[PDB]
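**Q** Here it is, the structure, as structure tokens.
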Amino acid sequence: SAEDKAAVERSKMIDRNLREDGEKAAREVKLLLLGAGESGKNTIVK
Amino acid sequence: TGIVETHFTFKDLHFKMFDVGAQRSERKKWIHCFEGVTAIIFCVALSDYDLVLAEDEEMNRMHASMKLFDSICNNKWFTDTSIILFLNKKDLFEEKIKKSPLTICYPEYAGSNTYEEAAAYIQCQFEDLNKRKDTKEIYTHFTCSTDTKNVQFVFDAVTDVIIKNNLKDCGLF
Amino acid sequence: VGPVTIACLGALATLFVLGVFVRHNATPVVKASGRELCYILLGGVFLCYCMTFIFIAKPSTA
Amino acid sequence: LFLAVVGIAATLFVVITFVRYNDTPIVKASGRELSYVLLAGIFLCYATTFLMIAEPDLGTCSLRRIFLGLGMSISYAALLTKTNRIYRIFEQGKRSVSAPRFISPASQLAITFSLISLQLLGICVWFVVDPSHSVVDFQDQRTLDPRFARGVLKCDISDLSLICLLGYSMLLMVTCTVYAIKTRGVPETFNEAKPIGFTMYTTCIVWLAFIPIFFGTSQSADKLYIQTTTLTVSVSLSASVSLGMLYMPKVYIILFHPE
Amino acid sequence: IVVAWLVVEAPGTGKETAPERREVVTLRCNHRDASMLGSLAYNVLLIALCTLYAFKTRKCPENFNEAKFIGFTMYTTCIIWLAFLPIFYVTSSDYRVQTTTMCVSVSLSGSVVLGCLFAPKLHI
Ligand SMILES: CCCCCCCCCCCCCCCC(=O)OC[C@H](COP(=O)(O)OCCN)OC(=O)CCCCCCCCCCCCCCC
Ligand SMILES: CC(C)CCC[C@@H](C)[C@H]1CC[C@H]2[C@@H]3CC=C4C[C@@H](O)CC[C@]4(C)[C@H]3CC[C@]12C
Ligand SMILES: CC(C)CCC[C@@H](C)[C@H]1CC[C@H]2[C@@H]3CC=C4C[C@@H](O)CC[C@]4(C)[C@H]3CC[C@]12C
Ligand SMILES: CC(C)CCC[C@@H](C)[C@H]1CC[C@H]2[C@@H]3CC=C4C[C@@H](O)CC[C@]4(C)[C@H]3CC[C@]12C
Ligand SMILES: CC(C)CCC[C@@H](C)[C@H]1CC[C@H]2[C@@H]3CC=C4C[C@@H](O)CC[C@]4(C)[C@H]3CC[C@]12C
Ligand SMILES: CCCCn1ccc(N2CCC(c3ccccc3)CC2)c(Cl)c1=O
Ligand SMILES: Cc1ccnc(Nc2nc(-c3cn[nH]c3)c(C)s2)n1
């Protein structure tokens with residue numbers, strides 16, 4: 001249970017890394033551009 | 001050929017728009033793979049209510065967008081997300097508003113080709129397609145040919161739905 | 001009698017708000033405030049009126 | 001004393017700012033008249049506590065009546081006519097055109113001291129008919145069978161005198177609340193319509209809770225520091241809730257001058 | 001706070017006979033001033049927090065804006081208890097009347113909270 005304890009310690013560390021990236025992903029708004037092409041999408045992305 | 005996620009930040013809020021479209025596959029197989037989005041933006045070309053697809057020779061350019069817009073809002077996947085409407089190239093539309101009769105797109109429409117009047121009827125024709133509108137909101141905007149000040153509207157539009165989404169779960173609304 | 005009479009009237013008034021709120025829960029104005037915390041605040045008023053009788057309550061150790 | 005020291009400092013601090021910055025940035029919303037006499041009344045109310053409980057004798061007892069009488073009757077004389085003005089233009093402008101003649105800084109001053117003039121002639125009636133006399137002690141009470149007995153240094157003023165004098169201010173209290181309650185709809189002078197209506201409700205809470213204080217302590221407690229120090233606190237709070245709601249926000253806004 | 005104070009103190013009957021040998025007081029436990037001041041101190045601390053938090057709720061779309069009613073509740077209750085100090089510290093001879101003050105001020109405080117907040121909502 002020596003290496004297993006160290007394995008759990010590594011799992012806890014990367015668990016925080018996934019957790020902290022959750023707020024960063026959730027702190028950004030997501031918008032979907034919809035509609036036929038060549039209808040003004042260029043003027044709203046440049 | 002894939003999608004493009006662009007980053008732009010304004011007023012201390014980070015945004016990550018997803019340019020989905022280059023995809024030429026079923027799309028439906030990954031339409032559900034674009035949920036949890038706070039809002040969607042729909043771009044409409046005002047000077048296309050007359051143009052007709054050469055290949056189809058029967059479907060109008062604007063009428064084609066009507067079928068696509070109706071399908072997007074009416075599906076069960078996007079029932080919990082708001083709709084943002086953008087109108088592109090109003091200068092050409094204003095030039096064609098009298099040059100080309102509003103009838104070309106709305107034959108029922110018989111009002112003066114006066115821009116203000118025509119713009120009002122076409123705007124109201126966007127939102128009367130969804131069966132249920134109690135939980136659906138549409139934020140229509142006119143932008144510009146250059147669209148210099150459209151960033152302010154989309155910043156305000158997402159703020160309205162961000163607060164609304166939070167209150168829906170908390171039960172305050 | 002004075003404190004008891006007003007407390008009895010207030011206790012019925014508290015039940016008036018509680019009974020109406022649950023009956024009219026579909027109305028959006030009542031649900032604008034925190035519904036879960038509204039009953040706690042409404043309950044506290046009811047406990048406030050009920051505790052009024054405790055100040056006399058045949059005084060003893062218990 | 002705690003309210004008096006901060007109150008006397010607050011009223012002197014606001015008046016300096018209210019007059020030094022006389023470029024009419026936001027001060028022009030209220031008239032230059034009816035805003036200094038009301039502030040001066042609050043100054044008298046705060047100064048009343050300093051002079052009231054201070055070496056009670058024949059000289060101070062006479063001074064107690066005039067300063068307390070003029071301290072509060074002046075403050076609410078301007079409040080009534082300020083509230084009356086707000087209702088007049090709102091009522092007249094709703095259907096008719098323009099306002100009656102008395103809406104003007106020159107004419108509005110005359111009626112402001114008209115209510116004060118009633119106290120000016122009135123206060124001489126009690127002063128002459130029943131001059132204040134420094135009672136040596138009310139030794140019939142506060143004396144005990146054992147060797148210990150001190151007494152109380154009571155002044156000439158009694159229940160009848162203070163109630164009638166305070167009654168005029170109370171008479172001025174109901175009329176302000178009635179006028180302010182009627183003009184609940186948005187009247188003219190937007191920036192000075194809500195604080196006036198909210199202050200009267202706030203002030204009335206102080207005096208309505210003062211009823212059980214007066215008829216709640218004439219039984220057991222000493223009549224030396226309960227009918228003289230509690231009364232001046234209500235006077236100070238009555239001015240404090242009026243000075244705080246009306247002038248303090250203006251000072252805060254004018255400090256971070258937005259215009 | 002109350003449980004810790006209760007453990008330190010002792011709940012029981014401490015009835016005493018008045019030296020006047022007439023109208024003996026009822027079964028009294030302890031002083032109501034210092035043995036119970038702990039609850040008052042804790043409540044006052046959170047009242048300021050509620051008032052401070054209400055200073056930012058004013059900028060709300062009317063229905064979510066209740067700072068006007070909260071301010072009145074935080075002021076009317078304080079005025080009741082601020083003016084209650086002379087009442088308790090004057091009528092301290094007859095116990096049947098001093099205890100009546102307990103049951104009236106508490107009822108008034110409860111009515112103010114319900115009247116200021118629930119009544120405007122119930123009106124609509
Ligand atoms: C010196 C001794 C005490 C003096 C106290 C002076 C200050 C308070 C005066 C009046 C009190 C209540 C007024 C509420 C209505 C109002 O004024 O509203 C004003 C605001 C705005 O709200 P709005 O709707 O107008 O939005 C307008 C959008 N622009 O509302 C509020 O939430 C104010 C914040 C809450 C403060 C409540 C009272 C502060 C002290 C409480 C402790 C009392 C202790 C007294 C014991 C001595
Ligand atoms: C608007 C509402 C909340 C006002 C409530 C006022 C209440 C608390 C007041 C109004 C009249 C008061 C009563 C008036 C007279 C007496 C007789 C006295 O020997 C004992 C107290 C008693 C019985 C009072 C108790 C308190 C009382 C009932
Ligand atoms: C915070 C505000 C709303 C509280 C208002 C409470 C009012 C209604 C209560 C509190 C104290 C009460 C008074 C207490 C004592 C007396 C003396 C008695 O011989 C007649 C009734 C009278 C004069 C009461 C009238 C009602 C009264 C003024
Ligand atoms: C200010 C707020 C708390 C409202 C007032 C409530 C309390 C303090 C009021 C209501 C009824 C009042 C009592 C009514 C009647 C009497 C009998 C009188 O001979 C002495 C005062 C005394 C004993 C009053 C003391 C104060 C009192 C108990
Ligand atoms: C700074 C002040 C003016 C804020 C408002 C005070 C109000 C809420 C009143 C209501 C009840 C009051 C307390 C009641 C009883 C006591 C015990 C006595 O030893 C005086 C202080 C103390 C602890 C009082 C302090 C002031 C107090 C807390
Ligand atoms: C701001 C809201 C305050 C709520 N409040 C007010 C008073 C209060 N006491 C009742 C009277 C007691 C007391 C005892 C002796 C003299 C003065 C007072 C002290 C404790 C509680 Cl326990 C409370 O909870
Ligand atoms: C009606 C009312 C409301 C608020 N306040 C007062 N006046 C008071 N004055 C004192 C006091 C000052 N020194 N000693 C006692 C109190 C404890 S409450 N009245």
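Following the order of the structure tokens, first chain is A, next is B, and so on, with residues numbered from 1 inside each chain and ligands from 1 in the order they appear.
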Give the residue list for ligand 1 at 6 Å, counting only C-alpha atoms and all ligand atoms, as a compact mmCIF listing (two decimals) with N, CA, C and O atoms, in the first residue's frame, sorted by chain and then by residue number.
**A**
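The result, stored in pocket35.txt:
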```
# COMPACT_ATOMS: atom_id res chain seq x y z
N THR D 202 -40.48 58.21 8.80
CA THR D 202 -39.39 57.87 9.71
C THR D 202 -39.47 58.67 11.00
O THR D 202 -39.29 58.12 12.09
N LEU D 237 -33.03 63.08 17.89
CA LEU D 237 -33.30 62.09 16.85
C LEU D 237 -34.25 62.64 15.79
O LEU D 237 -34.10 62.34 14.60
N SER D 240 -32.13 64.57 13.75
CA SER D 240 -31.12 63.72 13.13
C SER D 240 -31.68 62.97 11.93
O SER D 240 -31.02 62.89 10.88
N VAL D 241 -32.89 62.42 12.05
CA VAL D 241 -33.48 61.69 10.94
C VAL D 241 -33.89 62.63 9.81
O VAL D 241 -34.08 62.18 8.67
N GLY D 244 -30.13 63.87 8.45
CA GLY D 244 -29.42 62.77 7.81
C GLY D 244 -29.99 62.40 6.45
O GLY D 244 -29.24 62.13 5.51
N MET D 245 -31.32 62.37 6.33
CA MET D 245 -31.94 61.96 5.08
C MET D 245 -31.90 63.05 4.01
O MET D 245 -31.84 62.73 2.82
N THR E 51 -28.39 45.16 7.01
CA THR E 51 -28.52 46.52 6.50
C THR E 51 -27.45 46.82 5.45
O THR E 51 -27.75 47.43 4.42
N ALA E 54 -28.31 45.14 2.31
CA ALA E 54 -29.46 45.79 1.69
C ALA E 54 -29.09 47.07 0.95
O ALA E 54 -29.90 47.57 0.17
N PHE E 55 -27.89 47.61 1.19
CA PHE E 55 -27.46 48.81 0.49
C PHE E 55 -27.12 48.54 -0.97
O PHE E 55 -27.06 49.48 -1.76
N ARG E 58 -30.73 47.71 -3.64
CA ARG E 58 -31.61 48.76 -4.15
C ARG E 58 -31.66 48.76 -5.67
O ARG E 58 -32.72 48.99 -6.26
N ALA E 67 -35.16 46.84 -0.60
CA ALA E 67 -34.33 47.59 0.33
C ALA E 67 -35.13 48.65 1.08
O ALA E 67 -34.81 48.97 2.23
N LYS E 68 -36.15 49.22 0.44
CA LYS E 68 -36.99 50.21 1.12
C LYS E 68 -37.72 49.59 2.30
O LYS E 68 -37.80 50.19 3.38
N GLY E 71 -35.07 48.47 5.04
CA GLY E 71 -34.59 49.59 5.83
C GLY E 71 -35.56 50.01 6.91
O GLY E 71 -35.16 50.33 8.03
N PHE E 72 -36.86 50.02 6.59
CA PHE E 72 -37.87 50.35 7.59
C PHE E 72 -37.90 49.31 8.70
O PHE E 72 -38.03 49.66 9.88
N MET E 74 -35.39 47.35 9.65
CA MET E 74 -34.16 47.50 10.42
C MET E 74 -34.14 48.77 11.25
O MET E 74 -33.32 48.88 12.16
N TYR E 75 -35.01 49.74 10.95
CA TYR E 75 -35.11 50.97 11.72
C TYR E 75 -36.22 50.94 12.75
O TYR E 75 -36.02 51.38 13.89
N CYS E 78 -35.18 48.68 15.67
CA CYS E 78 -34.16 49.32 16.50
C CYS E 78 -34.77 50.42 17.37
O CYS E 78 -34.40 50.56 18.54
N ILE E 79 -35.69 51.20 16.80
CA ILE E 79 -36.34 52.26 17.57
C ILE E 79 -37.14 51.68 18.72
O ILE E 79 -37.14 52.21 19.84
```
**Q** Name the residues, by chain letter and number, that sit within 8 Å of ligand 3 using only C-alpha atoms and all ligand atoms, and give them as a ChimeraX atom specification.
**A** /D:205,208-209,211-212,215-216 /E:76-77,79-80,108,112
**Q** Keeping only N, CA and C atoms, write those residues as an mmCIF file, in the first residue's frame.
**A**
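Okay, out36.cif is ready:
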```
data_model
loop_
_atom_site.group_PDB
_atom_site.id
_atom_site.type_symbol
_atom_site.label_atom_id
_atom_site.label_comp_id
_atom_site.auth_asym_id
_atom_site.auth_seq_id
_atom_site.Cartn_x
_atom_site.Cartn_y
_atom_site.Cartn_z
ATOM 1 N N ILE D 205 -42.280 57.606 13.511
ATOM 2 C CA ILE D 205 -41.974 56.419 14.307
ATOM 3 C C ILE D 205 -41.336 56.818 15.631
ATOM 4 N N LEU D 208 -44.230 58.450 17.777
ATOM 5 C CA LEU D 208 -45.241 57.470 18.160
ATOM 6 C C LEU D 208 -44.716 56.522 19.229
ATOM 7 N N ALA D 209 -43.425 56.196 19.184
ATOM 8 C CA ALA D 209 -42.799 55.404 20.233
ATOM 9 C C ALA D 209 -42.431 56.234 21.455
ATOM 10 N N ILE D 211 -44.802 58.164 22.903
ATOM 11 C CA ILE D 211 -46.016 58.149 23.720
ATOM 12 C C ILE D 211 -45.884 57.240 24.940
ATOM 13 N N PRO D 212 -45.428 55.985 24.823
ATOM 14 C CA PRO D 212 -45.287 55.163 26.036
ATOM 15 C C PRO D 212 -44.138 55.593 26.926
ATOM 16 N N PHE D 215 -46.006 58.421 29.144
ATOM 17 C CA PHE D 215 -46.920 57.722 30.047
ATOM 18 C C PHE D 215 -46.386 56.340 30.411
ATOM 19 N N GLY D 216 -45.105 56.271 30.763
ATOM 20 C CA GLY D 216 -44.513 55.017 31.184
ATOM 21 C C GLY D 216 -43.470 55.156 32.273
ATOM 22 N N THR E 76 -37.404 50.443 12.380
ATOM 23 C CA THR E 76 -38.508 50.380 13.332
ATOM 24 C C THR E 76 -38.176 49.464 14.503
ATOM 25 N N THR E 77 -37.578 48.304 14.221
ATOM 26 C CA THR E 77 -37.211 47.383 15.292
ATOM 27 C C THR E 77 -36.179 48.003 16.226
ATOM 28 N N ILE E 79 -35.690 51.201 16.803
ATOM 29 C CA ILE E 79 -36.338 52.263 17.568
ATOM 30 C C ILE E 79 -37.143 51.676 18.721
ATOM 31 N N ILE E 80 -37.839 50.563 18.474
ATOM 32 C CA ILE E 80 -38.611 49.912 19.531
ATOM 33 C C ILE E 80 -37.701 49.484 20.675
ATOM 34 N N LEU E 108 -44.815 43.410 18.882
ATOM 35 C CA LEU E 108 -44.685 44.531 17.956
ATOM 36 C C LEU E 108 -43.561 44.295 16.956
ATOM 37 N N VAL E 112 -44.019 44.130 12.814
ATOM 38 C CA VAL E 112 -43.307 45.026 11.906
ATOM 39 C C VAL E 112 -42.655 44.238 10.777
#
```
**Q** Residues of chain A were defined as contacting chain B if any atom lay at most 9 Å from it, counting only C-alpha atoms; please report them as a PDB file with N, CA, C and O atoms, in the first residue's frame.
**A**
```
ATOM      1  N   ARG A  27     -16.269  30.211 -17.048  1.00  0.00           N
ATOM      2  CA  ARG A  27     -16.217  31.664 -16.953  1.00  0.00           C
ATOM      3  C   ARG A  27     -16.309  32.349 -18.310  1.00  0.00           C
ATOM      4  O   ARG A  27     -16.311  33.583 -18.364  1.00  0.00           O
ATOM      5  N   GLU A  28     -16.388  31.587 -19.396  1.00  0.00           N
ATOM      6  CA  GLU A  28     -16.452  32.136 -20.742  1.00  0.00           C
ATOM      7  C   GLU A  28     -17.813  31.850 -21.360  1.00  0.00           C
ATOM      8  O   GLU A  28     -18.327  30.731 -21.265  1.00  0.00           O
ATOM      9  N   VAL A  29     -18.389  32.867 -22.009  1.00  0.00           N
ATOM     10  CA  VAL A  29     -19.721  32.707 -22.665  1.00  0.00           C
ATOM     11  C   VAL A  29     -19.539  31.936 -23.976  1.00  0.00           C
ATOM     12  O   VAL A  29     -18.470  32.084 -24.603  1.00  0.00           O
ATOM     13  N   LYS A  30     -20.544  31.147 -24.371  1.00  0.00           N
ATOM     14  CA  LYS A  30     -20.469  30.369 -25.637  1.00  0.00           C
ATOM     15  C   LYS A  30     -21.604  30.807 -26.568  1.00  0.00           C
ATOM     16  O   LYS A  30     -22.772  30.775 -26.129  1.00  0.00           O
ATOM     17  N   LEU A  31     -21.269  31.195 -27.803  1.00  0.00           N
ATOM     18  CA  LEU A  31     -22.295  31.642 -28.784  1.00  0.00           C
ATOM     19  C   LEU A  31     -22.162  30.813 -30.064  1.00  0.00           C
ATOM     20  O   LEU A  31     -21.018  30.472 -30.429  1.00  0.00           O
ATOM     21  N   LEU A  32     -23.287  30.505 -30.718  1.00  0.00           N
ATOM     22  CA  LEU A  32     -23.259  29.660 -31.942  1.00  0.00           C
ATOM     23  C   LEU A  32     -23.710  30.488 -33.149  1.00  0.00           C
ATOM     24  O   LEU A  32     -24.865  30.958 -33.140  1.00  0.00           O
ATOM     25  N   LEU A  33     -22.836  30.650 -34.147  1.00  0.00           N
ATOM     26  CA  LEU A  33     -23.200  31.398 -35.381  1.00  0.00           C
ATOM     27  C   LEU A  33     -24.052  30.485 -36.268  1.00  0.00           C
ATOM     28  O   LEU A  33     -23.560  29.398 -36.628  1.00  0.00           O
ATOM     29  N   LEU A  34     -25.272  30.912 -36.610  1.00  0.00           N
ATOM     30  CA  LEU A  34     -26.188  30.042 -37.399  1.00  0.00           C
ATOM     31  C   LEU A  34     -26.703  30.798 -38.627  1.00  0.00           C
ATOM     32  O   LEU A  34     -26.728  32.045 -38.584  1.00  0.00           O
ATOM     33  N   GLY A  35     -27.105  30.070 -39.675  1.00  0.00           N
ATOM     34  CA  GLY A  35     -27.604  30.695 -40.881  1.00  0.00           C
ATOM     35  C   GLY A  35     -26.821  30.301 -42.120  1.00  0.00           C
ATOM     36  O   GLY A  35     -25.774  29.653 -42.066  1.00  0.00           O
ATOM     37  N   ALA A  36     -27.358  30.707 -43.269  1.00  0.00           N
ATOM     38  CA  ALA A  36     -26.721  30.410 -44.542  1.00  0.00           C
ATOM     39  C   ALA A  36     -25.425  31.197 -44.695  1.00  0.00           C
ATOM     40  O   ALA A  36     -25.269  32.297 -44.157  1.00  0.00           O
ATOM     41  N   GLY A  37     -24.486  30.619 -45.442  1.00  0.00           N
ATOM     42  CA  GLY A  37     -23.205  31.261 -45.641  1.00  0.00           C
ATOM     43  C   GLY A  37     -23.298  32.485 -46.532  1.00  0.00           C
ATOM     44  O   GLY A  37     -24.271  32.693 -47.260  1.00  0.00           O
ATOM     45  N   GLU A  38     -22.250  33.308 -46.461  1.00  0.00           N
ATOM     46  CA  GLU A  38     -22.156  34.550 -47.232  1.00  0.00           C
ATOM     47  C   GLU A  38     -23.343  35.469 -46.955  1.00  0.00           C
ATOM     48  O   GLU A  38     -23.854  36.145 -47.850  1.00  0.00           O
ATOM     49  N   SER A  39     -23.786  35.495 -45.697  1.00  0.00           N
ATOM     50  CA  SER A  39     -24.899  36.334 -45.269  1.00  0.00           C
ATOM     51  C   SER A  39     -24.474  37.373 -44.236  1.00  0.00           C
ATOM     52  O   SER A  39     -25.324  37.919 -43.525  1.00  0.00           O
ATOM     53  N   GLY A  40     -23.179  37.659 -44.142  1.00  0.00           N
ATOM     54  CA  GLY A  40     -22.663  38.602 -43.174  1.00  0.00           C
ATOM     55  C   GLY A  40     -21.884  37.997 -42.026  1.00  0.00           C
ATOM     56  O   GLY A  40     -21.600  38.710 -41.055  1.00  0.00           O
ATOM     57  N   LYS A  41     -21.535  36.711 -42.097  1.00  0.00           N
ATOM     58  CA  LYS A  41     -20.757  36.095 -41.027  1.00  0.00           C
ATOM     59  C   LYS A  41     -19.338  36.644 -40.978  1.00  0.00           C
ATOM     60  O   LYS A  41     -18.730  36.691 -39.903  1.00  0.00           O
ATOM     61  N   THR A  43     -18.381  39.752 -41.484  1.00  0.00           N
ATOM     62  CA  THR A  43     -18.342  41.065 -40.850  1.00  0.00           C
ATOM     63  C   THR A  43     -18.524  40.999 -39.338  1.00  0.00           C
ATOM     64  O   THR A  43     -18.330  42.014 -38.663  1.00  0.00           O
ATOM     65  N   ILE A  44     -18.900  39.843 -38.790  1.00  0.00           N
ATOM     66  CA  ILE A  44     -19.099  39.696 -37.353  1.00  0.00           C
ATOM     67  C   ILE A  44     -18.027  38.840 -36.700  1.00  0.00           C
ATOM     68  O   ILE A  44     -18.099  38.600 -35.486  1.00  0.00           O
ATOM     69  N   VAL A  45     -17.037  38.370 -37.458  1.00  0.00           N
ATOM     70  CA  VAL A  45     -15.958  37.574 -36.898  1.00  0.00           C
ATOM     71  C   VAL A  45     -14.592  38.228 -37.080  1.00  0.00           C
ATOM     72  O   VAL A  45     -13.655  37.887 -36.348  1.00  0.00           O
TER      73      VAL A  45
END
```
**Q** For the structure I just gave you, how does DSSP split chain B - specifically, which residues are helix (DSSP H, G or I)? Reply as a PyMOL selection string.
**A** chain B and resi 28-34+61-74+90-99+102-104+115-127+150-170
**Q** Taking only C-alpha atoms into account, report as a PDB file with N, CA, C and O atoms, in the first residue's frame which residues of chain D lie within 10 Å of chain E.
**A**
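This is the output file result-v5.pdb:
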```pdb
ATOM      1  N   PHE D 198     -40.455  60.150   2.875  1.00  0.00           N
ATOM      2  CA  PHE D 198     -39.913  59.072   3.694  1.00  0.00           C
ATOM      3  C   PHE D 198     -39.466  59.561   5.065  1.00  0.00           C
ATOM      4  O   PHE D 198     -39.540  58.805   6.040  1.00  0.00           O
ATOM      5  N   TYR D 201     -42.530  59.705   7.599  1.00  0.00           N
ATOM      6  CA  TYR D 201     -42.824  58.384   8.145  1.00  0.00           C
ATOM      7  C   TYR D 201     -41.745  57.948   9.128  1.00  0.00           C
ATOM      8  O   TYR D 201     -42.047  57.371  10.179  1.00  0.00           O
ATOM      9  N   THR D 202     -40.478  58.212   8.798  1.00  0.00           N
ATOM     10  CA  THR D 202     -39.387  57.871   9.705  1.00  0.00           C
ATOM     11  C   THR D 202     -39.473  58.671  11.000  1.00  0.00           C
ATOM     12  O   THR D 202     -39.290  58.121  12.092  1.00  0.00           O
ATOM     13  N   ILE D 205     -42.280  57.606  13.511  1.00  0.00           N
ATOM     14  CA  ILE D 205     -41.974  56.419  14.307  1.00  0.00           C
ATOM     15  C   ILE D 205     -41.336  56.818  15.631  1.00  0.00           C
ATOM     16  O   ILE D 205     -41.618  56.224  16.679  1.00  0.00           O
ATOM     17  N   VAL D 206     -40.469  57.832  15.605  1.00  0.00           N
ATOM     18  CA  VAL D 206     -39.804  58.278  16.828  1.00  0.00           C
ATOM     19  C   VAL D 206     -40.824  58.828  17.819  1.00  0.00           C
ATOM     20  O   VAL D 206     -40.803  58.491  19.009  1.00  0.00           O
ATOM     21  N   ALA D 209     -43.425  56.196  19.184  1.00  0.00           N
ATOM     22  CA  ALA D 209     -42.799  55.404  20.233  1.00  0.00           C
ATOM     23  C   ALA D 209     -42.431  56.234  21.455  1.00  0.00           C
ATOM     24  O   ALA D 209     -41.972  55.666  22.451  1.00  0.00           O
ATOM     25  N   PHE D 210     -42.599  57.556  21.396  1.00  0.00           N
ATOM     26  CA  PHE D 210     -42.389  58.409  22.559  1.00  0.00           C
ATOM     27  C   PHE D 210     -43.630  58.525  23.433  1.00  0.00           C
ATOM     28  O   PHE D 210     -43.520  58.941  24.592  1.00  0.00           O
ATOM     29  N   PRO D 212     -45.428  55.985  24.823  1.00  0.00           N
ATOM     30  CA  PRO D 212     -45.287  55.163  26.036  1.00  0.00           C
ATOM     31  C   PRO D 212     -44.138  55.593  26.926  1.00  0.00           C
ATOM     32  O   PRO D 212     -44.104  55.191  28.095  1.00  0.00           O
ATOM     33  N   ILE D 213     -43.192  56.384  26.418  1.00  0.00           N
ATOM     34  CA  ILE D 213     -42.131  56.905  27.274  1.00  0.00           C
ATOM     35  C   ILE D 213     -42.693  57.940  28.241  1.00  0.00           C
ATOM     36  O   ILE D 213     -42.384  57.928  29.438  1.00  0.00           O
ATOM     37  N   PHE D 214     -43.529  58.849  27.736  1.00  0.00           N
ATOM     38  CA  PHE D 214     -44.120  59.868  28.597  1.00  0.00           C
ATOM     39  C   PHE D 214     -45.074  59.247  29.610  1.00  0.00           C
ATOM     40  O   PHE D 214     -44.972  59.509  30.814  1.00  0.00           O
ATOM     41  N   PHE D 215     -46.006  58.421  29.144  1.00  0.00           N
ATOM     42  CA  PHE D 215     -46.920  57.722  30.047  1.00  0.00           C
ATOM     43  C   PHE D 215     -46.386  56.340  30.411  1.00  0.00           C
ATOM     44  O   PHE D 215     -47.109  55.346  30.378  1.00  0.00           O
ATOM     45  N   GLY D 216     -45.105  56.271  30.763  1.00  0.00           N
ATOM     46  CA  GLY D 216     -44.513  55.017  31.184  1.00  0.00           C
ATOM     47  C   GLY D 216     -43.470  55.156  32.273  1.00  0.00           C
ATOM     48  O   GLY D 216     -42.882  54.161  32.704  1.00  0.00           O
ATOM     49  N   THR D 217     -43.230  56.386  32.726  1.00  0.00           N
ATOM     50  CA  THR D 217     -42.166  56.632  33.688  1.00  0.00           C
ATOM     51  C   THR D 217     -42.546  57.596  34.802  1.00  0.00           C
ATOM     52  O   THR D 217     -41.697  57.888  35.650  1.00  0.00           O
ATOM     53  N   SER D 218     -43.780  58.094  34.837  1.00  0.00           N
ATOM     54  CA  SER D 218     -44.235  58.978  35.901  1.00  0.00           C
ATOM     55  C   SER D 218     -44.663  58.222  37.153  1.00  0.00           C
ATOM     56  O   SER D 218     -45.379  58.786  37.989  1.00  0.00           O
ATOM     57  N   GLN D 219     -44.243  56.966  37.300  1.00  0.00           N
ATOM     58  CA  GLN D 219     -44.687  56.114  38.399  1.00  0.00           C
ATOM     59  C   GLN D 219     -43.606  55.913  39.456  1.00  0.00           C
ATOM     60  O   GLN D 219     -43.832  56.188  40.638  1.00  0.00           O
ATOM     61  N   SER D 220     -42.428  55.437  39.054  1.00  0.00           N
ATOM     62  CA  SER D 220     -41.401  55.022  40.002  1.00  0.00           C
ATOM     63  C   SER D 220     -40.108  55.811  39.878  1.00  0.00           C
ATOM     64  O   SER D 220     -39.525  56.195  40.899  1.00  0.00           O
ATOM     65  N   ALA D 221     -39.636  56.061  38.659  1.00  0.00           N
ATOM     66  CA  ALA D 221     -38.304  56.613  38.466  1.00  0.00           C
ATOM     67  C   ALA D 221     -38.223  58.057  38.959  1.00  0.00           C
ATOM     68  O   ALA D 221     -39.232  58.725  39.205  1.00  0.00           O
ATOM     69  N   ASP D 222     -36.988  58.531  39.100  1.00  0.00           N
ATOM     70  CA  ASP D 222     -36.747  59.893  39.560  1.00  0.00           C
ATOM     71  C   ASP D 222     -37.144  60.893  38.482  1.00  0.00           C
ATOM     72  O   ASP D 222     -36.821  60.714  37.303  1.00  0.00           O
ATOM     73  N   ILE D 226     -35.040  61.876  33.958  1.00  0.00           N
ATOM     74  CA  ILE D 226     -35.817  61.063  33.041  1.00  0.00           C
ATOM     75  C   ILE D 226     -36.803  61.894  32.222  1.00  0.00           C
ATOM     76  O   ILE D 226     -37.073  61.551  31.066  1.00  0.00           O
ATOM     77  N   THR D 230     -34.420  62.353  28.526  1.00  0.00           N
ATOM     78  CA  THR D 230     -35.068  61.524  27.513  1.00  0.00           C
ATOM     79  C   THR D 230     -35.777  62.382  26.472  1.00  0.00           C
ATOM     80  O   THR D 230     -35.803  62.033  25.285  1.00  0.00           O
ATOM     81  N   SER D 234     -35.223  62.515  21.978  1.00  0.00           N
ATOM     82  CA  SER D 234     -36.226  62.465  20.918  1.00  0.00           C
ATOM     83  C   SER D 234     -36.163  63.713  20.048  1.00  0.00           C
ATOM     84  O   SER D 234     -36.366  63.642  18.830  1.00  0.00           O
TER      85      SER D 234
END
```
**Q** So how many Å separate CA of residue 37 (chain E) and atom 7 (C, counted along the ligand's line) of ligand 6, to one decimal?
**A**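 Calculated distance between CA of residue 37 (chain E) and atom 7 (C, counted along the ligand's line) of ligand 6 is 8.1 Å.
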